[PDB]
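Have a look at the structure below, then the notes.
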Amino acid sequence: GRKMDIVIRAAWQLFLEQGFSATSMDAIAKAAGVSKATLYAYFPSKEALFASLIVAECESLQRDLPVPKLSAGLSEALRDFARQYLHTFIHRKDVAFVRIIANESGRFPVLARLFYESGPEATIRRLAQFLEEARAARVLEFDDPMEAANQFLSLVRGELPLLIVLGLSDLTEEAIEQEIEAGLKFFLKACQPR
Amino acid sequence: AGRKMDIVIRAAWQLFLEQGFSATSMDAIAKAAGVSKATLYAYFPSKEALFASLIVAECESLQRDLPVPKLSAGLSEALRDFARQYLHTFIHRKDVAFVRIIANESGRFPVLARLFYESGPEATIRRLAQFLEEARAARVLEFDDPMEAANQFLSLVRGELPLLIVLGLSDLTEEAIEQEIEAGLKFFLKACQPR
Ligand SMILES: O=c1c(-c2ccc(O)cc2)coc2cc(O)cc(O)c12
């Protein structure tokens with residue numbers, strides 16, 4: 001129903017205000033204006049609710065990432081993928097999610113891994129498949145595509161998660177282009193043949 | 001002595017991590033340390049100043065656990081050693097309480113947040129950068145800016161681990177750490193070694 005989404009938005013609000021364990025299914029029901037019966041019918045448990053929230057946001061973020069195409073040019077394809085990757089830190093729920101899960105002090109490993117595999121690791125895999133294509137075409141060289149994808153993302157991302165968390169990141173579109181161009185230049189120094 | 005300053009420091013640290021920075025008052029700190037407000041405010045003009053001392057102290061300390069890398073040891077071994085000590089910090093979560101305390105302020109204390117950044121993380125970059133200048137001067141690496149290069153080295157080696165640790169999905173044997181480092185270094189050198 002339309003209640004499912006109202007519940008979702010109400011739960012998100014509380015998880016972010018208070019944390020996951022500090023939010024009760026009781027509080028969620030009240031904030032969404034439904035009976036516990038209704039709530040538990042749509043979601044078997046708090047853990048199931050948060051899982052839905054995770055998969056939904058992560059599938060969403062993933063379709064805002066381009067599928068990079070070699071036909072667009074090696075540099076432009078990476079540059080574009082990088083640009084979308086960084087816009088998603090700054091303007092999406094990834095840091096929030098990590099904050100919420102980290103605050104659980106390791107007591108929900110299944111959710112923690114679900115987030116990891118649905119978001120960050122998924123991003124790595126998509127990029128990796130592009131990097132396989134580039135290696136097959138002899139325009140990059142490296143031993144493992146996932147390792148290389150992760151290196152590219154580490155370079156481009158750099159230090160920003162920390163800066164964001166400290167509340168010091170203020171990134172104009174121009175400052176982002178510079179971040180990307182530095183990371184890419186380096187990535188290509190290491191992986192382009194000569 | 002008037003080392004009381006240290007008792008106050010430890011008492012404030014305790015409260016900041018129990019309750020948060022804003023939730024802790026100079027009044028509570030005085031009581032927990034067993035001094036008058038007069039004594040307290042004589043040593044520290046404000047709560048912000050007290051936290052700044054804590055920050056500078058903990059950051060200087062973490063910095064001494066890092067080696068000063070030496071070209072005589074070999075380029076690779078020197079970096080490898082620096083990397084190893086750098087990751088130790090993350091793995092044993094030596095930064096985490098501080099970051100928690102600052103992050104939980106939701107950006108209301110930007111001067112302290114920057115003080116932490118410049119005393120810790122940025123300091124690490126600067127140390128490495130000075131080593132990389134020497135390596136460049138010795139013609140064994142090439143790159144345009146030493147801070148940029150230092151930051152790139154550290155981003156490579158660090159990669160994804162901070163995230164994994166925070167999520168509670170990392171358990172890193174010594175061997176797994178060597179592999180993390182070797183991967184980051186191999187790459188760093190592919191990009192910066194001549195030929
Ligand atoms: O690396 C991080 C960190 C982290 C924490 C401390 C650091 O010094 C660097 C990164 C925090 O949240 C994330 C969140 C992410 O989605 C991906 C990441 O790679 C990270």
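Residues in the structure tokens are numbered from 1 in each chain, the chains being A, B, ... in the order shown, and ligands are numbered from 1 in the order shown.
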For ligand 1, return the neighbouring residues as a PyMOL selection string (distance at most 7 Å; only C-alpha atoms and all ligand atoms).
(chain A and resi 94-95+98+120+159+161-162) or (chain B and resi 159-163)
Would you write out those residues with N, CA and C atoms, as a PDB file, in the first residue's frame?
```pdb
ATOM      1  N   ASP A  94      24.772   6.996   1.435  1.00  0.00           N
ATOM      2  CA  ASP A  94      25.922   6.195   1.860  1.00  0.00           C
ATOM      3  C   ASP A  94      26.623   6.492   3.212  1.00  0.00           C
ATOM      4  N   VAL A  95      27.051   7.720   3.497  1.00  0.00           N
ATOM      5  CA  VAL A  95      27.679   8.037   4.794  1.00  0.00           C
ATOM      6  C   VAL A  95      26.678   7.854   5.945  1.00  0.00           C
ATOM      7  N   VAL A  98      26.332   4.275   6.730  1.00  0.00           N
ATOM      8  CA  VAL A  98      27.512   3.738   7.398  1.00  0.00           C
ATOM      9  C   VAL A  98      27.547   4.201   8.832  1.00  0.00           C
ATOM     10  N   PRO A 120      28.847  -0.266  -2.066  1.00  0.00           N
ATOM     11  CA  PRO A 120      30.271  -0.212  -2.382  1.00  0.00           C
ATOM     12  C   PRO A 120      30.802  -1.354  -3.228  1.00  0.00           C
ATOM     13  N   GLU A 159      40.262  11.233   0.463  1.00  0.00           N
ATOM     14  CA  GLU A 159      40.136  11.535   1.875  1.00  0.00           C
ATOM     15  C   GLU A 159      38.768  12.073   2.228  1.00  0.00           C
ATOM     16  N   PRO A 161      35.662  10.972   2.557  1.00  0.00           N
ATOM     17  CA  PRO A 161      34.707  10.467   3.552  1.00  0.00           C
ATOM     18  C   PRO A 161      35.000  11.068   4.922  1.00  0.00           C
ATOM     19  N   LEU A 162      36.282  11.140   5.237  1.00  0.00           N
ATOM     20  CA  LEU A 162      36.691  11.706   6.504  1.00  0.00           C
ATOM     21  C   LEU A 162      36.323  13.179   6.575  1.00  0.00           C
TER      22      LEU A 162
ATOM     23  N   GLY B 159      42.842   2.206   1.114  1.00  0.00           N
ATOM     24  CA  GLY B 159      41.738   1.768   0.299  1.00  0.00           C
ATOM     25  C   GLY B 159      40.412   1.838   0.995  1.00  0.00           C
ATOM     26  N   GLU B 160      39.908   0.656   1.249  1.00  0.00           N
ATOM     27  CA  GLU B 160      38.559   0.416   1.641  1.00  0.00           C
ATOM     28  C   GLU B 160      38.494   0.034   3.123  1.00  0.00           C
ATOM     29  N   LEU B 161      39.650  -0.124   3.779  1.00  0.00           N
ATOM     30  CA  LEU B 161      39.676  -0.788   5.055  1.00  0.00           C
ATOM     31  C   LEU B 161      38.989   0.013   6.107  1.00  0.00           C
ATOM     32  N   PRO B 162      39.116   1.322   6.058  1.00  0.00           N
ATOM     33  CA  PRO B 162      38.482   2.076   7.121  1.00  0.00           C
ATOM     34  C   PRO B 162      36.986   1.775   7.185  1.00  0.00           C
ATOM     35  N   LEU B 163      36.366   1.682   6.016  1.00  0.00           N
ATOM     36  CA  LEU B 163      34.960   1.342   5.888  1.00  0.00           C
ATOM     37  C   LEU B 163      34.663  -0.051   6.396  1.00  0.00           C
TER      38      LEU B 163
END
```
Go through chain B and flag each residue having an atom no more than 8 Å from chain A; for those, report the closest pair of atoms plus their distance in Å to one decimal, using only C-alpha atoms, ordered by chain and rising number, as a tab-separated table.
```
residue	atom	partner	partner_atom	distance
B:99	CA	A:166	CA	7.5
B:102	CA	A:166	CA	6.6
B:103	CA	A:166	CA	5.4
B:106	CA	A:167	CA	7.0
B:107	CA	A:167	CA	5.1
B:110	CA	A:168	CA	7.2
B:113	CA	A:166	CA	6.0
B:114	CA	A:168	CA	7.3
B:151	CA	A:158	CA	7.4
B:152	CA	A:155	CA	6.1
B:155	CA	A:158	CA	5.3
B:156	CA	A:154	CA	5.9
B:159	CA	A:154	CA	5.3
B:160	CA	A:154	CA	7.2
B:163	CA	A:98	CA	8.0
B:166	CA	A:102	CA	5.4
B:167	CA	A:102	CA	5.1
B:168	CA	A:106	CA	5.0
B:169	CA	A:113	CA	7.3
B:184	CA	A:151	CA	7.8
B:187	CA	A:190	CA	6.5
B:188	CA	A:190	CA	7.5
B:189	CA	A:190	CA	7.9
B:190	CA	A:190	CA	4.9
B:191	CA	A:190	CA	3.9
B:192	CA	A:190	CA	7.8
```
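Between atom CA of residue 33 of chain A and atom CA of residue 55 of chain A the separation is 24.1 Å.
Straight-line separation from atom CA of residue 76 of chain B to atom CA of residue 176 of chain B: 18.0 Å.
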Residues near residue 146 of chain B, anyone? I mean within 9 Å using only C-alpha atoms, not counting same-chain ones fewer than 6 positions away, as a list in words.
residues 126, 128, 129, 130, 131, 132, 133 and 136 of chain B
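In this comparison, which uses only C-alpha atoms, the residue of A:97, A:70, A:86, A:181 approaching residue 136 of chain A most closely is A:70.
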Going by DSSP on the backbone, which bits of chain A are alpha helix (DSSP H)? Write them as a ChimeraX atom specification, please.
/A:2-18,25-32,36-42,46-63,74-91,94-102,109-118,120-136,145-157,160-166,173-191
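In terms of minimum interatomic distance to residue 124 of chain A, A:62 ranks closest within A:23, A:62, A:13, A:88, counting only C-alpha atoms.
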Which polymer residues have any atom within 10 Å of an atom of residue 115 of chain B, counting only C-alpha atoms, with same-chain residues fewer than 5 positions away left out, as a PyMOL selection string?
chain B and resi 52+55-56+59+110+120+122
Skip residue 85 of chain A itself and residues of its chain fewer than 2 positions away, then list as a ChimeraX atom specification all residues within 10 Å of it, counting only C-alpha atoms.
/A:61-62,64-66,79-83,87-90,123,153,156-157
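Picture a line from atom CA of residue 51 of chain A to atom CA of residue 24 of chain A; it runs 15.4 Å.
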Near-residue 26 of chain B list (9 Å; only C-alpha atoms; drop same-chain fewer than 5 positions) as a PyMOL selection string
chain B and resi 12+31+37+40-41+46-47
Go ahead and save the picked residues with N, CA, C and O atoms, as a PDB file, in the first residue's frame.
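Saved file part.pdb follows:
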```pdb
ATOM      1  N   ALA B  12      38.337  15.195  31.723  1.00  0.00           N
ATOM      2  CA  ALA B  12      37.572  15.787  30.655  1.00  0.00           C
ATOM      3  C   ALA B  12      37.430  14.797  29.550  1.00  0.00           C
ATOM      4  O   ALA B  12      36.383  14.690  28.936  1.00  0.00           O
ATOM      5  N   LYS B  31      34.363  19.198  39.022  1.00  0.00           N
ATOM      6  CA  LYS B  31      33.992  18.269  40.089  1.00  0.00           C
ATOM      7  C   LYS B  31      34.711  16.947  39.908  1.00  0.00           C
ATOM      8  O   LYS B  31      35.293  16.429  40.848  1.00  0.00           O
ATOM      9  N   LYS B  37      36.451  25.741  40.210  1.00  0.00           N
ATOM     10  CA  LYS B  37      36.345  26.412  38.934  1.00  0.00           C
ATOM     11  C   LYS B  37      37.462  27.428  38.720  1.00  0.00           C
ATOM     12  O   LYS B  37      37.910  27.613  37.598  1.00  0.00           O
ATOM     13  N   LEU B  40      40.500  25.596  37.555  1.00  0.00           N
ATOM     14  CA  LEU B  40      40.249  25.102  36.217  1.00  0.00           C
ATOM     15  C   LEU B  40      40.355  26.155  35.118  1.00  0.00           C
ATOM     16  O   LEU B  40      41.053  25.981  34.105  1.00  0.00           O
ATOM     17  N   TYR B  41      39.654  27.249  35.329  1.00  0.00           N
ATOM     18  CA  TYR B  41      39.666  28.349  34.385  1.00  0.00           C
ATOM     19  C   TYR B  41      40.996  29.116  34.328  1.00  0.00           C
ATOM     20  O   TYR B  41      41.323  29.709  33.280  1.00  0.00           O
ATOM     21  N   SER B  46      38.694  28.023  28.343  1.00  0.00           N
ATOM     22  CA  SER B  46      37.372  27.549  27.977  1.00  0.00           C
ATOM     23  C   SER B  46      37.371  26.061  27.732  1.00  0.00           C
ATOM     24  O   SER B  46      38.411  25.443  27.531  1.00  0.00           O
ATOM     25  N   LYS B  47      36.175  25.529  27.625  1.00  0.00           N
ATOM     26  CA  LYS B  47      35.979  24.146  27.259  1.00  0.00           C
ATOM     27  C   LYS B  47      36.628  23.815  25.896  1.00  0.00           C
ATOM     28  O   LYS B  47      37.310  22.806  25.745  1.00  0.00           O
TER      29      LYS B  47
END
```
Contact residues around residue 82 of chain B with only C-alpha atoms at 7 Å, ignoring same-chain residues under 6 positions, as a PyMOL selection string
chain B and resi 66-67+69
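Nearest to residue 179 of chain B of all the residues B:165, B:1, B:17, B:157 is B:157, based on only C-alpha atoms.
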Which one of B:2, B:74, B:20, B:194 sits closest to residue 104 of chain B if you count only C-alpha atoms?
B:20
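Minimum distance to residue 150 of chain B across B:123, B:138, B:62, B:71 (counting only C-alpha atoms) occurs at B:123.
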